[PDB]
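Here's the structure we're looking at; comments come further down.
No hydrogens, no waters, no symmetry mates; every other heavy atom, side chains included, goes into these values. Per chain, numbering begins at 1; letters A, B, ... match sequence-line order.
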Amino acid sequence: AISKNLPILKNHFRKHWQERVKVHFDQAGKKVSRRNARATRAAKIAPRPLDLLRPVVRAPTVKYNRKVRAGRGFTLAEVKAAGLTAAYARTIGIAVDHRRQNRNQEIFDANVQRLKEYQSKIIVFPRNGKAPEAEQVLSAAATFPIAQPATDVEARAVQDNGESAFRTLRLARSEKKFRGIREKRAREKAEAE
Amino acid sequence: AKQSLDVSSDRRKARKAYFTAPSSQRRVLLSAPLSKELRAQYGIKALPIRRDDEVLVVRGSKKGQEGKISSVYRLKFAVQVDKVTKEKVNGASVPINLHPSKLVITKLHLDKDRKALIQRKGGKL
Amino acid sequence: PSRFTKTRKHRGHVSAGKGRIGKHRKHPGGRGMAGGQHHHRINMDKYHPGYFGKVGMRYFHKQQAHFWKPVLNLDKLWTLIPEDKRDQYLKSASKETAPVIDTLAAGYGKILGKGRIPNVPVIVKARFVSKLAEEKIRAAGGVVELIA
Amino acid sequence: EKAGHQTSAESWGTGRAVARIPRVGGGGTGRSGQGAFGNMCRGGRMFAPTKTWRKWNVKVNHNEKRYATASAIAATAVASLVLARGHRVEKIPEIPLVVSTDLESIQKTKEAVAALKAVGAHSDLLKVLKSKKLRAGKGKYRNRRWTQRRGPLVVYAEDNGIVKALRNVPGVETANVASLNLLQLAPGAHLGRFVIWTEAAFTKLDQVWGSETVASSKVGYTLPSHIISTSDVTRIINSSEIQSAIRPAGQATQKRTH
RNA sequence: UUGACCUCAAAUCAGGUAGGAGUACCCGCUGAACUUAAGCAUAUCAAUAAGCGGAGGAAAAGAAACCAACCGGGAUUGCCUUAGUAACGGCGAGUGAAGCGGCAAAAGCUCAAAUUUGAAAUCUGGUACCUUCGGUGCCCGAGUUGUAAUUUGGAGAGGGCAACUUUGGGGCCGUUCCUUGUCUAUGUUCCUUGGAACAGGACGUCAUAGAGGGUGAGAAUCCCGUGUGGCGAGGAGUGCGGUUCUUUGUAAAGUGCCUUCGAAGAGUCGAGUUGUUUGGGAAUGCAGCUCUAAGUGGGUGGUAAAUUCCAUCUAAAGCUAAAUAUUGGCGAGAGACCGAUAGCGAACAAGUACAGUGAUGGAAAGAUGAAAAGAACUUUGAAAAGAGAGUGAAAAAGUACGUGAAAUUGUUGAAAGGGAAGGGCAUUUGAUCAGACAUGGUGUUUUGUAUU
RNA sequence: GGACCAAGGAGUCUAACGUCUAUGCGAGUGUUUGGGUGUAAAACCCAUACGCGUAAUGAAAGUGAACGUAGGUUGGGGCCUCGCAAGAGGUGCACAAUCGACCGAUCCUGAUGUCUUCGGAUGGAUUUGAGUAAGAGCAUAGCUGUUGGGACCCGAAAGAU
RNA sequence: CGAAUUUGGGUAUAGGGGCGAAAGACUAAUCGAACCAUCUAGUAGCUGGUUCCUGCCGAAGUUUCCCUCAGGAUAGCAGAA
RNA sequence: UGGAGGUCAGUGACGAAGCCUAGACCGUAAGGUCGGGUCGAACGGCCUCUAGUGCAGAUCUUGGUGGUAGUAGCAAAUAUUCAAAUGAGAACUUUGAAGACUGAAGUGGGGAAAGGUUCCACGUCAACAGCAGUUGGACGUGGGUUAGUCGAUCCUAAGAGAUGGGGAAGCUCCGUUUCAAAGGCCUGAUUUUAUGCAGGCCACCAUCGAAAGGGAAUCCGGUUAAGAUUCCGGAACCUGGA
RNA sequence: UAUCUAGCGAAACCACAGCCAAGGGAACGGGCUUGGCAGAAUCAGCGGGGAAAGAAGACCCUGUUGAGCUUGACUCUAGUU
RNA sequence: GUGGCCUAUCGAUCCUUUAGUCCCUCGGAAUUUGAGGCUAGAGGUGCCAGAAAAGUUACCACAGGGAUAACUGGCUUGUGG
């Protein structure tokens, strides 16, 4: 069972795993079917861009909050600021997300500008007009790319004022670590006469 | 060099379809070519074979032998022509069947349907 | 390729390389890690000491995104700035134009001081910095400002 | 998966003067009392049955694929390698063979064969024609009835009737410079496919594969560099630089003393 | 006793509906043991097999009582990854998810809880008519113990101020979808072998067609098809381009400012305990039992508890395409698969013959020939048949049929043989058999005078 | 065990891996979940992300790798200077032994300052790490070996629905 | 050998169950737990077998631990690089 | 050795593959090449790829075949013989003559279960009847089973089992008159109709379960190759209706 | 009956086979060694031998293989209280 | 002088418990209980590298073993003669 110097391997194969084996022979066929579905749907919605307009959103965790990605839909605050109602926005092709809240001024501004330029670029055919055939483009995502916002210039002046940036980190961690103890001590010193 | 997806280049499927085809398909299968003079007269290359078509065996051991069609055996994929038979040792003559692709049609049995077929295939009557 | 295997070479010989006395039986030692305390204890103790038991604390619902913190050393620091600009900055090694390096944008959490950056000034935007890393940047004449 | 196992066979055990293999039960059939469930048994399951999750496709490094493609393209130009691959290019003026873009715009199969005649690869295509032959196995009834050689590989930039014109010509393959498969640039892993480029194909090749002055438009890619600067190590060995520093030679065959 | 109402029945009352099958995939219930642990009881196998109930073309899930702790994401599903990780585990054997991220697909929503109260505005059915998946009248009936309109937390309602913006129904040609039909090139020219030319050789032709199949042997050009276009037929038909009448409607919907409100699901949440389950660990989900709430309340925030906060959702009600699954059904295209002891058990009158009371079990079995041309006729025999003849390219293809191996057998021939035979080394004996010429030619006394 | 003969008949494939070897690139590497394209399961192209690697150590909080020419000593292939002819000297990569230095853990010491008990400088210790000390890895493929799988083939007495 | 008799048909009892004037007897030639299918290719440290040629190298039955004694791990002996 | 990419513009109906051959050559060998015969449609060399890739064994699997071996054997139930006919052929068939046996709890005449056409005729002998066969329960072709009275059908027995109800996640289990609002009898009425009725008596709680139990009624004579309490002739009987 | 004949016609078993003595040998040989010897084809009997055939010894032991049964074994459980 | 003059006098993982750090953690932020860790002992496996474990089978079964008993034979000849 156990043998020469080898790593301990944990191979979870003592169920009837052979009955649940999925081999993806249909990878190429599924890709072809997906492209066909995109083509036929685009033909069905022929003047429309085959996808919706998504907002700029900041990725949640401390591992990813350095990056900006696509959201689910624009907030109701964002659509109001862009100057249109949520229902009409949904009809003319903006993804509206009701449960997302904007606490962020620059994400607010970036999404409002996204909406403003979207309204500038698209043209809506009137219900009973003359249908100005308009050479459909097939990707709102590619037409309005998500751009990571630049933070500061490449070269700026050096400002040193003598904190070493390590003592500040240590002291911040220590203050967090001992805040409750110090508050309790202040409480006891106040309450004892 | 097939280009459609509904056309199969499968030997098994093609052979099965050939051997299993019903009489309506066996007619088109047993289409036979026309003579030089008949091609000149009609403008049409090959036609499904019929019963009173005059034909010329132009391949095989009965090379260059004329006759009138006696019966197209769609079940046996053959055509039996008048006066092309075999003499058995007991003295009875048995029809020899032959494939219409090895034939040349020298005279057609015409009617309204055959004339409409010639016209539809491009013939001039 | 099957044609390259030793089964093809054992074709002809009775036991197929498995021995006459001790045959190739099914599971003469157990299945898997059987008997790690009893009859494979010698292998376990020689080759995998520390196998049996538990030592530390537990951590229910541990998230690896909390502990995401790749480390950048000073020697690799200068590779964060674009290569064509590198000679430019090295030659124009001076204050009031130092390049700001966003290690967090590059994908690093902490700056460690593996040592010997040139004595040019440079702005190191980090969110964690080692004592020696900050000391060496200050010695070079740059500064590290902390970000989040 | 159920082949060889659709039986209720049980071993008779020992003491019945028969082997201990499973045997099917019942009676009055002829199948009854017969062995089952074994690779050694007629009607049993095959040893280690072939399974659908065997590896079929094999991953290859992108850069290694491109290295091999570049080697095949380079071997195209070598006259000796094309002859060794057997492409009947002796009456061709010179290779790598190049034609105008009028070929690129050719529209008829008659015109394609005429251009092939003109450039001198008709010998290759009629070699394919005369090499058409019936297969030598059970691959005949698996939709692989006939075999024939490979002809020239016409490589273009724009398709204005090339694939249609040369579609019916036996053996002749068409490709554009962008793709340039290894499977057709070195059929059978034998280098030296006979390639009839167009002028646009050459001009695009210089930019698609990069050079000493132009990047290859494949991202992060560059043409592989040799481990040896030349190919005539005989020339290197016999150069005066090497030959002036070496001790006097022997005789190429030692005298058999004693 | 003029009659109701409620509750409960009866009708071969009027009209419907359910059951069974298939069950590959899907939704639940129920639920093992073999096996692993080198023994075995927790564990594992496995929340699997077997059993049961219920769907569809997908099902389920689904628009947060979610994830998070961030500079916050934002219905569900699936993939790559997280990750063989956090964690569970006689902490042994083993087991083992999720958040973030990148993608495929993306779609949103509606009920209860509000007085229409200046008019139950709602709906089934009967009857009548019509342009009949329905529409319109009248009549009972249902319903106030509540059917319409309006609102669903993202909000919203009521009341004021205030410019505005947008709509409509049913046909008809078409587009589009499904099915289907028809038309749309090129040699059977000459020679040799052959029973057959589809083989070889000569000369062609077409090619957006040299895929495949058939035809008496390997056929682009003999046939069907193939390729490229064209022309027809039957239905579905607001995905949309035109058109028909249809103005109705001081009708319907959206937005700006302010005020007052803002109903939001109970034997339920939650707690204890029990069993089961989970990676879930002072207890992850589920279920039984006991207790059983509240309204800045309630849930969650992966260590039990009490005190402060904070963050995030808003259960105990409901619908919803796509990505996703599919060893079943139907229609197709393929393969470095198998090639009649193989491949499905079955290439065949195969789930057949046969066996068992029964549940069930379950084979063997493909090939004459291009064409039966399947052997007329004679002779011997009671016949079966034989011997001739005959057909066939072949009868060394005769249905007991392609080739026709081995074991085993007959005949003939050769040889050996005193309780085996077979074998090695060596020769003899018999039988049998391969291997060097005359090739360049100095000599040339010689033909068809550079032909030996 | 084998009367005899014919046909069939037994170390396989997969998921994770160890050593070695070949190849590509190289502090990076890996296109092939997916997108684009296509003569259509092919070939060709693309990009964030993600995986492994580039940092370790600790149960964890956490901290986190140069007195020095990235050190001294011994030994070192090769190279350099020298001798027509002796042999010596310099430099010494890989690698091996040894003494050090650096980072983390443990035990001690405890500076200026002090949200007066936080901070932890400095100096140590027969202690300890799967570390640093001018990266070597990633990917594909091949034999061999391992583990779970029917697992080289055939074989129970049994157990369950 | 006139009965606690023999027997036809109908009927009841079904598998850890039945039935037994009791032998673990009988329960369709199957009983100290029937038969059928499936789990299941159940596990086996134990028997048997394990398919071509040549070339080079070439063992061990010993050490330690193990519910260890017909088995493993470990070191040794061996090959290869 | 099977298959795959390439190549030999490879071999081949003027003979591919396969197979037989004490014929030759090559290789230490695995094997490869060739001559001769048979055969009739495909196959090979080289560079690579791939695997369901090599058999003497496994009481191996399937099929086939031996020696044993013309061997053991075809010896229970007393037993056969003569002649003729039939026929190619007779120990075995048919007819006659003998001799026997079962011996009325039979080797007879019928039936039940079971079988399923074996019944009967004609024709016929390949296989079967462990010898034979002209015979047959065999093979081929046909023909044949007639009911008011015989039996089923009806009744209920042991028992089986819906409904009403209760249980069970459920397949289904219990229950058979239960805690149910459980229906089918008997004369006429209006008799411009329908049996809606100024009518009345009542309440037993499905159904299945016997070809031997219970029970309405048929006998004789004749008739066929094969049916007869069934057909025919005669003579009756029972039930229901009028 | 066996036996002989006409007809019909199996099976078990079978590595190859079938003369001994002694030796040695897995310690009881048909084969090997040394001797004795040794003549076709056979028929009926016969039971010394073939350690004859029948069956993966049922006795015994081993296995970290079971099952039937028992109990103050270990761990549970229907029911009951 | 780091227990007994020397050579024997003894014990893993998991769990519990104690002692020390009063140090680390309970992961939305705190305090106090509670729990979890770090280092060293103790509670013990005498089958002593450490399973939690009663019988019977003359009703029995399977995988094997001549590794192993009950016959012969073989070697020995104490004992018997």
Side-chain angles (χ1 to χ4, degrees), chain A residues 3 6-7 9-11 13-14 28-29 44 58 60-62 64-65 72 76 85 97-100 104 180 184, chain B residues 1-3 8-9 14-15 18 28-29 31 33 60-61 86 89-90 99 101-102, chain C residues 2 4 7 11-12 14 16 26 28-35 38-40 42-43 52-57 59-63 65 71 112 114-115 130, chain D residues 6 8 14-15 17 19-21 25-31 35 37-42 46-48 51 53-54 59-64 67 86 109 127 130-131 134 136-137 163-164 168 170 178-179 181 183 187-190:
Chain A
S3 311
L6 301 159
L9 292 157
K10 290 226 296 233
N11 287 311
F13 295 106
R14 51 201 91 205
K44 227 181 305 301
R58 174 85 59 195
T61 198
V62 94
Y64 287 115
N65 60 349
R72 194 225 164 71
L76 312 169
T85 67
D97 185 24
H98 63 90
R99 65 184 89 77
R100 187 164 74 79
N104 203 5
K184 216 192 69 164
Chain B
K2 95 192 170 62
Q3 309 306 342
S8 76
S9 70
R15 266 174 77 85
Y18 171 81
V28 177
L29 264 40
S31 321
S61 85
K86 193 242 168 47
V89 70
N90 65 359
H99 201 267
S101 87
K102 303 296 165 275
Chain C
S2 271
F4 262 22
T7 166
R11 284 305 193 230
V14 177
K26 287 290 211 46
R31 260 138 178 261
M33 288 280 281
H38 310 291
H39 59 292
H40 300 126
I42 291 190
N43 192 280
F52 292 105
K54 57 172 92 152
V55 309
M57 303 156 53
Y59 194 139
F60 311 141
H61 191 53
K62 187 149 191 203
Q63 324 242 242
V71 283
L112 304 191
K114 227 208 163 161
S130 163
Chain D
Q6 292 157 114
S8 83
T14 205
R20 298 183 307 204
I21 189 78
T29 288
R31 176 72 177 149
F37 286 150
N39 60 289
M40 75 263 278
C41 301
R42 191 193 102 101
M46 71 142 288
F47 156 75
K51 253 44 179 300
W53 46 91
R54 149 203 275 117
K59 215 214 101 59
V60 181
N61 288 333
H62 211 182
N63 178 223
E64 196 144 337
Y67 200 146
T109 303
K127 173 254 270 185
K130 299 190 124 271
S131 82
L134 189 63
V163 299
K164 310 267 160 311
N168 219 34
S179 304
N181 194 352
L183 280 201
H190 300 137

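- Across F:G11, G:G72, E:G210, the shortest atom-to-atom separation from the side chain of C:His39 is found for G:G72.
- With hydrogens and angles ignored, no donor-acceptor pair closer than 3.5 Å exists between the side chain of A:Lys184 and the base of J:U31.
- In this structure, of F:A41, E:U36, H:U61, it is H:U61 that holds the atom nearest to the side chain of D:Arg42.
- The separation between D:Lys130 atom NZ and E:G218 atom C1' is 13 Å, rounded to whole Å.
- The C1' atoms of E:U412 and E:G392 are separated by 33 Å, rounded to the nearest whole Å.
- Two residues, D:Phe47 and A:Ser3, neighbour RNA chain G, and the one matched to the more 5' nucleotide by heavy-atom proximity is D:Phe47.
- Straight-line distance between the P atoms of J:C10 and J:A42: roughly 11 Å, to the nearest whole Å.
- Nucleotides E:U412 and E:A355 are not base-paired: the Watson-Crick or wobble atom pairs do not both lie closer than 3.5 Å.
- Contact annotation: side chain of B:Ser31 to base of E:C223, donor-acceptor pair absent below 3.5 Å.
- An OP1 or OP2 oxygen of F:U147 is reached within less than 4.0 angstrom by no side-chain nitrogen or oxygen of A:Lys10.
- Comparing E:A38, F:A60, H:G52 against the side chain of C:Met57 picks out F:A60 as the nearest.
- Interface remark: the C:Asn43 side chain does not form any donor-acceptor pair with the G:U74 base, using a distance-only criterion of under 3.5 Å.
- If you check G:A73 against G:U64, you find a Watson-Crick or G-U wobble pair, both contacts below 3.5 Å.
- Interface remark: the D:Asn168 side chain does form a donor-acceptor pair with the E:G210 base, using a distance-only criterion of under 3.5 Å.
- Scanning RNA chain I for stems, defined as runs of 3 or more consecutive Watson-Crick or G-U wobble pairs whose donor-acceptor distances all fall under 3.5 Å, gives the following ranges: I:19-23 with I:32-36, I:60-63 with J:62-65, I:67-70 with J:54-57.
- E:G402 is unpaired under the criterion used here, namely a Watson-Crick or G-U wobble arrangement in which both key atom distances are under 3.5 Å.
- No donor-acceptor contact under 3.5 Å links the side chain of C:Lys54 to the base of J:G37.
- Between H:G123 and H:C139 there is a base pair of the Watson-Crick or G-U wobble kind, both donor-acceptor distances falling below 3.5 Å.
- Here the P atom of nucleotide G:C65 and the NE2 atom of C:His40 are 17 Å apart, to the nearest Å.
- Not both conditions hold for G:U51 and G:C52, whose six-membered rings lack centres under 5.5 angstrom apart with planes under 30 degrees, so their bases do not stack.
- Checked by distance alone, A:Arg72 brings a side-chain donor or acceptor within 3.5 Å of a matching partner on the base of E:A75.
- Searching all strands for a Watson-Crick or G-U wobble partner of F:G149 with both distances below 3.5 Å returns F:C13.
- Taking side-chain N and O atoms only, C:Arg11 has a distance below 4.0 Å to OP1 or OP2 of F:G11.
- Judged by ring-centre distance under 5.5 Å and interplanar angle under 30°, strand neighbours F:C108 and F:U109 are stacked.
- Judged by distance alone, with hydrogens and angles left aside, B:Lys102 brings a side-chain donor or acceptor within reach of the base of E:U188, the pair sitting under 3.5 Å.
- The base of F:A10 has none of its N or O atoms less than 3.5 Å from a complementary donor or acceptor on the side chain of D:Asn39.
- Across every strand in view, E:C198 sits unpaired, with no contact that passes the Watson-Crick or G-U test at under 3.5 angstrom.
- One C1' atom belongs to E:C80, the other to F:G30, and the distance between them is 14 Å to the nearest Å.
- A south sugar is assigned to H:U193: the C1'-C2'-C3'-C4' torsion is negative, on the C2'-endo side.
- The base of F:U37 lies outside donor-acceptor range of the side chain of D:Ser179, with no N or O pair under 3.5 Å.
- On a pure distance criterion of 3.5 Å, no polar donor-acceptor pair joins the side chain of D:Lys164 and the base of E:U228.
- Between D:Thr29 and the phosphate of E:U352, there is no side-chain N or O to OP1/OP2 separation shorter than 4.0 Å.
- For the pair D:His62 and F:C45, the criterion of a side-chain N or O lying under 4.0 Å from OP1 or OP2 is met.
- In this entry the base of H:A129 is anti relative to its sugar, with a glycosidic angle more than 90° from 0.
- If you find the closest nucleotide of RNA chain G to D:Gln6 and to C:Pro28, the one lying nearer the 5' end belongs to D:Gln6.
- Considering only side-chain N and O atoms, B:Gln3 lies nowhere under 4.0 angstrom from the phosphate OP1 or OP2 of F:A40.
- When both distances must be under 3.5 Å, the Watson-Crick or G-U wobble mate of H:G143 is H:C119.
- The aromatic ring of A:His98 sits over the base of E:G154, with ring centres less than 5.5 Å apart and planes tilted by under 30°.
- Side-chain N/O atoms of C:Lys26 include one lying less than 4.0 angstrom from OP1 or OP2 on F:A151.
- Using P as the reference atom, E:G84 and E:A97 are 12 Å apart when rounded to the nearest Å.
- Groove contacts of D:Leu134 are confined to the major groove, judged by side-chain heavy atoms lying under 5.0 Å from groove-edge base atoms.
- Stacking annotation: H:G215 and H:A216 not stacked (criterion of six-membered ring centroids under 5.5 angstrom and interplanar angle under 30° not met).
- Contact of A:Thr85 with E:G254 (side chain to base): no donor-acceptor pair of N or O atoms is detected under 3.5 Å.
- Taking atom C1' in both E:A322 and E:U77, one finds a spacing of 10 Å when rounded to whole Å.
- Side-chain N/O atoms of D:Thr109 include one lying less than 4.0 angstrom from OP1 or OP2 on E:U208.
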Quick test: give all pairs of protein nitrogen or oxygen and nucleotides 308-319 of chain E nitrogen or oxygen below 3.5 Å, distance rounded to 0.1 Å.
none

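- In textbook terms, a nucleotide whose glycosidic angle is within 90° of 0 is syn, and F:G135 is one such case.
- No Watson-Crick or G-U wobble pair joins E:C34 and E:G351 with the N1-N3 or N1-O2 distance and the second distance both under 3.5 Å.
- Applying the 4.0 Å criterion to OP1 and OP2 of J:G64, one finds that D:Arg20 has a side-chain N or O inside that range.
- Per the stacking criterion (ring centres < 5.5 Å, plane angle < 30°), C:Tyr59 stacks onto the base of J:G27.
- The bases F:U32 and F:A156 are not paired as Watson-Crick or G-U wobble with both atom distances under 3.5 Å.
- Nucleotide E:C71 is annotated as unpaired relative to E:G134 [Watson-Crick or G-U wobble, both distances under 3.5 Å].
- In this structure, CD on C:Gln63 lies 7.0 Å from OG1 on A:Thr61, to the nearest 0.5 angstrom.
- Taking atom P in both E:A371 and E:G402, the straight-line distance is 15 Å, to the nearest Å.
- With hydrogens and angles left out, the side chain of D:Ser8 and the base of E:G361 share no donor-acceptor pair within 3.5 Å.
- Listed nucleotides: G:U51, E:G281, F:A49. Nearest to the side chain of A:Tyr64: F:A49.
- No donor-acceptor contact under 3.5 Å links the side chain of D:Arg54 to the base of F:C13.
- Between H:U38 and H:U65, the distance separating the two P atoms is 29 Å to the nearest Å.
- A sub-4.0 Å separation between OP1 or OP2 of E:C71 and a side-chain N or O of A:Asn104 is absent.
- Here, E:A264 and E:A316 have their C1' atoms 13 Å apart, quoted to the whole Å.
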